Each structure stands twice: as structure tokens, then as C-alpha cells.
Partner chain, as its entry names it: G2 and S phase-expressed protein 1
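First comes one chain, alone, set out as C-alpha cells in the form solved without its partner chain.
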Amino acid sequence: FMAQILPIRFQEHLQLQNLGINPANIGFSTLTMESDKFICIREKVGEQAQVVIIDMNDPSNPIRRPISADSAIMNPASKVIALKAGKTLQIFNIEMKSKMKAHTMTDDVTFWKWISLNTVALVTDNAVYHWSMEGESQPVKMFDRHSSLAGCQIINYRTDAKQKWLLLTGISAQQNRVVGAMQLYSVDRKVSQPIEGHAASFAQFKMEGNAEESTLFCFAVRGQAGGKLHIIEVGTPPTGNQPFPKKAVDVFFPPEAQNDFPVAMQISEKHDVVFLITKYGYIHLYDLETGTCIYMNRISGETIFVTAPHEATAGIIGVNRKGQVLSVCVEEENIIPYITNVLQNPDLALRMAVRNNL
């Protein structure tokens, strides 16, 4: 019953191979998507290093230039790009064709990412730094790396909106298993906590009855107990708030997907829904308040290796290994019908309508 309506809208936005990208460069080491505004690809054509910027508002006109960099990340919003070569980092203003700032690190930066409109996080083998793109400031060390992530491939770093909670995520091969290792750091406490996790995100959520938003930490893991997802408030509730009761739910994997595991998460600011993507190209939806699983489906035939928030729909946008650029968001008009008649969870249907963010 109601087999035809879905709680999500799937969209294809682009096929990068149709825009002249070599499929060999459609991967984590050469293609970045730091927000839904831009895709940046490093390509070696003949002997020439080139960097291609796809403006998602004008994608059929990619800009391609000879630029030598080990890594290239567009600003989430501005026409500004961070470039790295060896231990030397530069931030460049594209629109004004001008160098903004440069810095030479002592240690190699193995992973970097824009964490805000104006700040780029730098991960080295032993520490994490934040670097403002503005003014004269140098990178500032935020914390030292926990031994539990030693030797990991770093896969993500992110913060809460207030930049008081910092999360570093790595994976390692333990025999034939991919084991996720996170470090959660409290700026104010100066304390780290090691956490077995594969994908996470922070979120701000206003509980019924509270005047102030709660800062939530959501992570998903496939460990020895199977797939689990946790939704936890970090630190102490804002003055006047009740605390958010911790939620813990299973994360399902079908029998034919024993080697699947979580790889990405984004949280809808408008809908209070967690989007979880797996290595095999499945998407899951969970309610942020309860952890309730809303929907699961395989949405991509290829691994989706990078994601970002999709701002226009308060959804998730990603790029798969073949170059499909795809998004998923809540279908606002069919979500409650689906919850009512397919999930048959009227409490969730009621709570979503009472939030009234549809």
C-alpha cells in the first residue's frame, strides 16, 4: 500500500564525465566538494597539472587552468580556493586574482577541509589546526591527535556550529575489516574522547519544551555488534534546558551486504532528519529526535565518496565514482503520508506536523 510514494526526492544534477572530466580523477584524492556550490577536480593532462572548478550554478562552463597543487579545496561560499604544495599552503581570491595568505607547516598536512565560510581545518599526523582565511593570522592548533587514530586514513573533520566540539574521523584496515576511529574534542574542557565510529555529524535541535537549541552529536558505526546509530547531546544543556535523552538505534545491512559500512552523514537543519550514506551506495533516513529509521534504499550503483549539505532542499548532495552528482532530500508533501501509511508511526507523523517545518 502507498508503494509509489517515497519520503525522499532523489535528483541527478550532473554527470561529470559529460563535462570533460576523466573518470580516473573522480575520487577522494582528486575531487573535492566542500559545499554544494562548487566541485573542484585536479587532473594531469599530458604532463600538465590542471585544476578544474565547476560552478554548480553554471556547470556547463567549467573553468580549467594549469595549476600545480597536491590538493585543492574551494571555499563553501566565496570564490576563494585553498591550494597545497608540499608543506606550503596558499589561500587565493579567484575573483580578484590575488593571493590572500600563505603558510608553511612543519609537518605534512594529510587532510584538510573548510569548516565554515572563513576557516580551513588542517590535519597533520599529530595535530589539528584551524586557519582563518581573513587577516594575518597563522593556523592555530586546536588539539593533539589521539593515539587511537594513529596510522588511520583520515576521512573527515567537522565541528558543531559554535566550534566548541571538534570531531576527527579516520578508518583503518584491521585484517579484512574497515574499522572507524573518531576523536571527539571539547574546546572548553580540553578533553578528547576516543569513539569507534564510521560517519557523524553535529546538529542543533530545539526540544519540545526547551527555549534553547540542544547541540547534538550523531554518529553511525558498523562494529562487532553490527550497525548502530547514536544521537547524544554534548556537554551541558544551555541554562533552562532539559537534557536530550540519548538515542541508540540499529543501522540495518541486508545479508548480501556484509562488507558495507557507513561512509557519510549530513543532517537536515530544517527537517531534523539524519541522512546516512553507506559504502555500497545506500541511503538511510533517521529522525533526529528519536532515532527512528524512516527509509532505506540503494540510491547509487557506485560508491559515493564525498557529500555536503544541499542547502536549497536542506538535504544531502554527493558525487559517485562514475561522476554522477546526486542529491536526496525530504519530499515535504509526501513525507507525512508515507510515515502515516507505510511506516505507520503516527507519533512521528504528529511530531513532524507539530514542528511544522514542512
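Residue numbers count along the first chain shown, from 1. Between two forms, the rigid core is defined as the largest C-alpha subset superposing within 1.5 Å.
FYI, the form deposited with its partner chain bound isn't displayed, but the following is about it.
The closest heavy atom approach of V191 to its partner chain in the deposited complex falls within 4.5 Å. Although the partner is absent here, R177 is not a contact residue: none of its heavy atoms lies within 4.5 angstroms of its partner chain in the deposited complex. Proximity of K270 to its partner chain in the deposited complex falls outside the 4.5 Å heavy atom cutoff. With a 4.5 Å cutoff on heavy atoms, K162 does not count as touching its partner chain in the deposited complex; it lies far away. The stretch among 271 to 279, 254 to 262, 192 to 200, 150 to 158 whose residues place heavy atoms within 4.5 Å of its partner chain in the deposited complex is 192 to 200. Note on the partner interface in the deposited complex: the residue among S186, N210, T119, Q204 having a heavy atom within 4.5 angstroms of its partner chain is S186. Out of the listed residues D108, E134, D250, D144, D144 is the one that sits within 4.5 Å of its partner chain in the deposited complex by at least one heavy atom.
Interface residues of 215 to 236, taken as those with a heavy atom within 4.5 Å of its partner chain in the deposited complex (partner not displayed): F217, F219, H230, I232, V234, in sequence order. Once you line up the core between this form and the one not shown, the CA of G135 is the only one from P254, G135, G209, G226 that shifts by 2 Å or more.
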